[PDB]
Each structure stands twice: as structure tokens, then as C-alpha cells.
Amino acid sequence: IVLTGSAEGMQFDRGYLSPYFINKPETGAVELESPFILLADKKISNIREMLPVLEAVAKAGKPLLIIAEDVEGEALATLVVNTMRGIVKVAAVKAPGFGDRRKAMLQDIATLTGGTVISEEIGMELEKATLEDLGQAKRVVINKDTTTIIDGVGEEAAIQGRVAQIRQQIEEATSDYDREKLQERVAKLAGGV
């Protein structure tokens, strides 16, 4: 059966890491306009390692959505103070899923948003991250249980390439479970373009 979205966005089952990120009190949601998106495959221990990019986003005057493994209490507190005071507008959420699928989906988001997953495994350092490594989207909406990325700015051809890769994986899948999970990633990408 045919659908009808056109602006649903790419959504995943992770909500805000702090209630203080909420900026739509009537709905209990976080709505960020024209945000930068930081993606990392690790836990954020101290905010200091993120100061360069954080300072850069502040100067740019755009909000920042942080998608990482988790944010330590101390670092989260720092993000909260800064955003409450209006120094830098931010919201943080955990990366979708787990294990290898989490890595794949983090990449899906990076491709959709024109961002780069900051991973030490490939020689990257959060402290060395710059604005070009960040993804972007028209808007992000976060609530207690989910995150929605609307209109990722990624290259059309790159997004198509990622979708093509998944289609091949579906053909190579050896179980319905794996195929359905792969198809779900296609639907997520399709909702974000």
C-alpha cells in the first residue's frame, strides 16, 4: 500500500538525555532550527574534548544536536548550563540501536546529513573535529522517546549510494529478520530526504 509523508523525517527511538534540553514546554519537546549534528561512536566523558567544535557552533549561531554513545553526568551538566544560559543551544541523545547495527545507522545519519562520524578507530579525534565534520538538517525534533531529523542536507547521490548498499545487503540477507531491519533503515533514510 502507498504512503503519504513528504516531511515525516528520519526518526529513531532515542530521546533527550536531559529534560533541560526541552524548549517546547507545552509539548515537552526539543525543536532545533537549522541545527548542526555531531556524530561520535563513543561516550563523551569531558566537555573539554568537544570545546573546539562547541565554540565553533556557538560563533556560527546555530543549534547543535549531539548523537553519541552516551554523555557522562559531568559533561551533560556542562551542556545543560551552557544551553540554559543561551551560550550555545544544544541537545544530546544516544545513538540508535546497538552493536554493529548502531554503527551502520550512525553512518546512515551521517550520510543523510552530510556529516562525518567522529571515530577514533579511523584516526579521528573529537578535539580535532571541525564544522565540516558536522551534519546539518532543516530541523530536529526530540521528545522523551524519539529523535526526528528533518530534511538532511546530504548529497543526493551519496544518500542514493547508501540506500543502494542496503538494497544489496537485503538481497544477500539470509533471514527475514535481517531483511526487515535493513528495510527499516531504507525507510528511515527515505523519510529524511
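We number the residues from 1 along the sequence you see. Take the two forms, superpose them, and find the largest set of C-alpha atoms that agree within 1.5 Å; that set is the rigid core.
*Asks:* What stretch shows more C-alpha movement in 4 other deposited structures of this protein relative to this form, 122 to 130 or 62 to 70, after the core is superposed?
*Replies:* Most displaced of the pair in 4 other deposited structures of this protein: 122 to 130.
*Asks:* Would you mind working out which of 44 to 52 and 155 to 163 sits farther from this form in 4 other deposited structures of this protein by RMS C-alpha distance, with the rigid core as the fit?
*Replies:* It is 44 to 52 whose C-alphas lie farther from the shown form in 4 other deposited structures of this protein.
*Asks:* With respect to the recorded C-alpha B factors, which stretch has the higher mean value, 20 to 28 or 6 to 14?
*Replies:* Looking at the recorded C-alpha B-factors, 6 to 14 comes out higher on average.
*Asks:* Of the two stretches 154 to 162 and 124 to 132, which shows the higher Cα B-factor on average in the entry?
*Replies:* Averaging CA B-factors over each stretch, the winner is 124 to 132.
*Asks:* Rank-wise, by C-alpha B-factor, drop residue 61 into the lowest, middle or highest third of its chain.
*Replies:* Answer is highest: the recorded C-alpha B-factor places it there.
*Asks:* How does residue 142 rank on Cα B-factor within its chain, lowest, middle or highest third?
*Replies:* CA B-factor rank for residue 142: lowest third.
*Asks:* What third of the chain does residue 34 rank in for C-alpha temperature factor, lowest, middle or highest?
*Replies:* Ranked within chain, residue 34 CA B lands in the middle tercile.
*Asks:* Using the temperature factors of the C-alpha atoms in this entry, rank residue 190 within its chain: lowest, middle or highest third.
*Replies:* Ranked within chain, residue 190 CA B lands in the middle tercile.
*Asks:* Ranking the modelled residues of this chain by C-alpha B-factor as given in the entry, is residue 40 in the lowest, middle or highest third?
*Replies:* Middle third - that is where residue 40 ends up once the chain's C-alpha B-factors are sorted.
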